[PDB]
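Following: one structure in structure tokens, then a few remarks.
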């Protein structure tokens, strides 16, 4: 969906996968379940942490479905209904999060719809430590990724008053991507 302006992306292939995730790997409540975990468990990024995988995965798949919205609205009619469902589950279980990574990846999935207000909006902001990074006690690559999703969320909600401090923290890290298991860390840090 991001490389649609770079090369010739087929609508049949792109929408074909979108239609599958909705009618197959989606619970009635809107939760997406993993049935066949990828072999390379280092390319998934912060999703490797077993903690709250019912929120991280659902938030990850949700983002991909919204970025392929305009491309797959006429070819997929079950998209609008699925988008709302996935947002309902994350919204209800958003106040029950501890990991800064989960809060960030879920915040951007709700910010795209504009469903990140009230207490939910306050939590996402207060989660950031020193108000410039969404970090968790562990690897740094997961923190860089979490901050990336958080940045995109702020940009989607148009909060340019809390962006400068965040972006500054990223550039000072001097992370030029690349490195074992840096698929998510690189793709997201440069997308933000």
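Within the range 147-161, residues that are without any contact (Cβ under 8 Å) to a residue 60 or more places away in the chain and at negative phi have Cβ atoms under 6 Å from residues that are assigned to a loop (DSSP other than H, G, I, E, B) and crowded, with 22+ Cβ neighbours inside 10 Å in these pairs: 147/134; 150/134, counting only partners at least 6 apart in sequence or on another chain. Which of the numbered conditions does residue 94 fail, given that it passes all the others? Conditions: (1) under 22 Å from residue 129 (Cα atoms); (2) more than 13 Å from the chain's Cα centre (by Cα); (3) surrounded by 19 or more Cβ atoms within 10 Å (Cβ to Cβ); (4) touching a residue at least 40 places away in the same chain (Cβ under 8 Å). Here residue 94 clears every test but (4). Just to be sure before I move on: is residue 101 surrounded by fewer than 17 Cβ atoms within 10 Å (Cβ to Cβ) and either in contact (Cβ under 8 Å) with a residue 24 or more places away in the chain or assigned to a helix (DSSP H, G or I) (or both) in the structure I sent? It is false that residue 101 is surrounded by fewer than 17 Cβ atoms within 10 Å (Cβ to Cβ) and either in contact (Cβ under 8 Å) with a residue 24 or more places away in the chain or assigned to a helix (DSSP H, G or I) (or both).
Assuming residue 75 fulfils every condition listed in (1) over 18 Å from the mean Cα position of the chain (by Cα); (2) surrounded by fewer than 16 Cβ atoms within 10 Å (Cβ to Cβ); (3) part of a helix (DSSP H, G or I) apart from one, which condition is it? For residue 75, the failing item is (3). If you go through the range 118-137 and keep only what is in contact with a helix residue (DSSP H, G or I) (Cβ under 9 Å, 6 or more places away or on another chain) and either part of a helix (DSSP H, G or I) or more than 19 Å from residue 167 (Cα to Cα) (or both), you end up with 120, 121, 123, 124, 125, 127, 129, 130, 131.
For neighbour counting, all protein chains shown are included, and Cβ atoms are generated from backbone atoms with ideal geometry for every residue, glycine included. Read-outs throughout are calculated quantities, based only on the coordinates presented, and are distinct from any laboratory measurement.
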